[PDB]
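Protein chains: 2
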Amino acid sequence: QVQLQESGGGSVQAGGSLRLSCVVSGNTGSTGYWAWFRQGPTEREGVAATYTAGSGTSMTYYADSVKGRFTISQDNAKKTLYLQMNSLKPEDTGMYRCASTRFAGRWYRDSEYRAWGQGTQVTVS
Amino acid sequence: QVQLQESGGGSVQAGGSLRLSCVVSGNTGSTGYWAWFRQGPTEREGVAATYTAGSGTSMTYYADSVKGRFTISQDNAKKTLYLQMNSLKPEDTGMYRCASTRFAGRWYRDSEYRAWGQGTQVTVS
Ligand SMILES: C[C@]12CCC(=O)C=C1CC[C@@H]1[C@@H]2[C@@H](O)C[C@@]2(C)[C@H]1CC[C@]2(O)C(=O)CO
Ligand SMILES: C[C@]12CCC(=O)C=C1CC[C@@H]1[C@@H]2[C@@H](O)C[C@@]2(C)[C@H]1CC[C@]2(O)C(=O)CO
Numbered sequence: 001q002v003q004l005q006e007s008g009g010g011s012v013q014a015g016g017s018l019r020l021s022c023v024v025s026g027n028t029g030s031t032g033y034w035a036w037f038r039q040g041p042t043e044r045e046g047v048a049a050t051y052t053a054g055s056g057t058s059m060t061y062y063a064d065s066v067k068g069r070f071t072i073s074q075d076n077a078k079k080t081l082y083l084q085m086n087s088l089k090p091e092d093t094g095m096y097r098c099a100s101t102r103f104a105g106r107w108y109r110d111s112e113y114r115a116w117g118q119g120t121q122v123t124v125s
Numbered sequence: 126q127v128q129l130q131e132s133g134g135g136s137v138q139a140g141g142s143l144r145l146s147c148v149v150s151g152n153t154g155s156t157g158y159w160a161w162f163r164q165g166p167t168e169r170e171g172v173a174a175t176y177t178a179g180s181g182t183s184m185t186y187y188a189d190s191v192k193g194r195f196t197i198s199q200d201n202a203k204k205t206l207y208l209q210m211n212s213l214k215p216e217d218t219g220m221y222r223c224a225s226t227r228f229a230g231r232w233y234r235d236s237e238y239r240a241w242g243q244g245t246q247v248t249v250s
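Chains A and B supply the protein sequences, listed in that same order. Following this note's numbering, the numbering of the first sequence begins with 1 at its first residue and continues without gaps. Following this note's numbering, the numbering of the second sequence begins with 126 at its first residue and continues without gaps.
This is the structure we're talking about:
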C-alpha cells in the first residue's frame, strides 16, 4: 500500500548542490520515521530523518557527516520529503534510498525500517 | 516529547491583522530558540524568534521584511508563543511553522532547529 516515489538525483561537481524528493502515498499511519539512507558498496548509512508524532510535532535528525551541509524537510500538505544537499563531496556519492517505518529504536537503524523506496543516484566528482 | 501546538491562521485582506499562537509542552529544556518560519512553495524563511537564556532573560529577533509590522512575544507562565501580525501583505502568505531548538548559530538557521510544529496557514489577499 505505501509507495515512496523518489526523484532528484544527479551528477555534480564537488561544492555543488542537489535536491532529493520523495512523495509518499498510501497507508503510512500517522506516526514514525521518514529517512534518507545512502547506499554505497552491501553498505548503508543514515543521512537524515524526521520523526513525526501523533501530536503533529516532528523532529529532525542528521548524520555527523552531513550536518551543516544538508537540510531535511517535509511538506506534509504535499506528502513530500526533501533532502537539500549543499557543499557536496565525493564521499556523498551513492544510491539514496528513502525509507519509512512506524517504529525504530534509532532513526539510523536501517534494519528496523519496513518500507524502502527505489533509489535515486547521486554522483559527486 | 516536545509538542508545539499551533493556532491562529486565517485569510485576511492586505492591511489586516492576525495573531498566531504556539503552545509548547514537554521536555524543552530551559534554554534556546523559539521561532516562527514561513513556508511557501520547499522554501522556509525566518520571520521572528526569541532566545531564552538560563538566566531567564530572553532576546527578540525579527526578519527585515516584518520588522515594524509583527510582534513576537511569549507568556512563559502559559508556555505560549505569540506572533502578532499587523499590516499584512500578500507576500506574508504561507504556512507558518513554529520551531524550537536548544542550539543554533543563528536564529533563522532552520536547518539547525530540531522540533517543528504542524503549521497554520496565513493567506493575505
Ligand atoms: C512518517 C510517516 C509515518 C510512518 C511511515 O511508515 C511513513 C511516514 C512518511 C509520511 C508521513 C507519515 C506520518 O508521520 C503522517 C504524515 C506526516 C506523513 C506525510 C503527511 C502525513 O500523513 C501527515 O501530515 C498526517 O497529518
Ligand atoms: C526556548 C525553549 C528551550 C529550547 C526548546 O527546544 C524549546 C523551547 C520553547 C519553550 C521555552 C524553552 C525554554 O526557554 C524554557 C521556557 C522559556 C519555555 C516556555 C516556558 C519555559 O519553560 C520557562 O519559562 C522556564 O522558566
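Every residue, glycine too, gets a C-beta built ideally from N, C-alpha and C.
Opposite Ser212(B) in the DSSP bridges: which residues?
As a first step, residue 212(B) must be located in the second sequence, where it is residue number 87. Partner(s): none; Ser212(B) has no beta bridge.
Which residues, taken in chain order from the stretch 103–114 of chain A, show a beta carbon closer than 8 Å to some beta carbon of chain B?
Listed by position along the chain: nothing, the set is empty.
Leaving aside the five residues before and after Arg239(B) along the sequence, list all residues of the same chain whose C-beta is less than 7 Å from its C-beta, in chain order.
The count along the second sequence starts at 1 and reaches residue 239(B) at position 114. Excluding sequence neighbours, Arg239(B) sits near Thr226.
Since residue 251(B) meets chain A, which of its residues come closer than 8 Å, beta carbon to beta carbon?
Since the displayed chain B opens at 126 and closes at 250, residue 251(B) lies outside it and no answer follows.
Applying a beta-carbon distance threshold of less than 7 Å, which residues of chain B neighbour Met59(A)?
Looking up residue 59(A) in the first sequence gives position 59. Simply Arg239 and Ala240.
Confirm the yes/no value for this check: CB of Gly133(B), any heavy atom of ligand 1, distance under 6 Å.
Residue numbering aside, residue 133(B) sits at position 8 when the second sequence is read from its first letter. False, no ligand heavy atom lies under 6 Å from that Cβ.
Under 8 Å Cβ to Cβ from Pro215(B), same chain only, skipping five residues before and after it: list those, please.
To locate residue 215(B), count along the second sequence from 1; it is residue 90. Answer for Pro215(B): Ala139, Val249 and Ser250, listed in chain order.
Leaving aside the five residues before and after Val191(B) along the sequence, list all residues of the same chain whose C-beta is less than 7 Å from its C-beta, in chain order.
Locating residue 191(B) in the second sequence gives position 66, where the first residue counts as 1. Here the set comprises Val172 and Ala173.
DSSP three-state label for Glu131(B), please.
Reading the second sequence from its first residue, position 6 is the one you call residue 131(B). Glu131(B): strand per DSSP, three-state reduction.
Between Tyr51(A), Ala63(A), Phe37(A) and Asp64(A), which lies nearest to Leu20(A) when the distance is taken from Cα to Cα?
Residue numbering aside, residue 20(A) sits at position 20 when the first sequence is read from its first letter. Of the listed residues, the one whose Cα sits closest to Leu20(A) is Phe37(A).
Whose CA, out of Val2(A), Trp34(A) and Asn86(A), lies closest to the CA of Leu18(A)?
By one-based count along the first sequence, residue 18(A) stands at place 18. Out of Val2(A), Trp34(A) and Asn86(A), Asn86(A) has the C-alpha closest to the C-alpha of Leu18(A).
Return the Cβ separation of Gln118(A) and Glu6(A) in integer angstroms, given the expectation that the two are a contact with Cβ distance under 8 Å.
By one-based count along the first sequence, residue 118(A) stands at place 118. By one-based count along the first sequence, residue 6(A) stands at place 6. With 8 Å as the limit, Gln118(A) and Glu6(A) qualify as a contact, their Cβ atoms being about 6 Å apart.
Pick out whichever of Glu112(A), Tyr96(A) and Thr60(A) has its Cα sitting closest to the Cα of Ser236(B).
Numbered from its first residue, the second sequence carries residue 236(B) at position 111. Out of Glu112(A), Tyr96(A) and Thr60(A), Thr60(A) has the C-alpha closest to the C-alpha of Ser236(B).
Residue-chain proximity (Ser55(A), chain B), Cβ-Cβ < 7 Å:
Residue numbering aside, residue 55(A) sits at position 55 when the first sequence is read from its first letter. At least one CB of chain B lies nearer than 7 Å to the CB of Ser55(A).
Helix, strand or coil: which one does DSSP assign to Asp92(A)?
In the first sequence, counting from the first residue as 1, residue 92(A) sits at position 92. DSSP, read as helix, strand or coil, puts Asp92(A) in helix.
Is there a C-beta anywhere in chain B that falls below 7 Å from the one on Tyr82(A)?
Position 82 of the first sequence, counting from 1, holds the residue named residue 82(A). Residue contact with chain B for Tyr82(A): present (Cβ-Cβ distance below 7 Å to some residue of chain B).
Beta-carbon proximity list for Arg169(B), same chain, < 8 Å, skipping 5 on both sides
Against the second sequence, residue 169(B) aligns to sequence position 44. Counting only Cβ-Cβ distances below 8 Å, and skipping sequence neighbours, we find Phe162, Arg163, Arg222 and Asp235.
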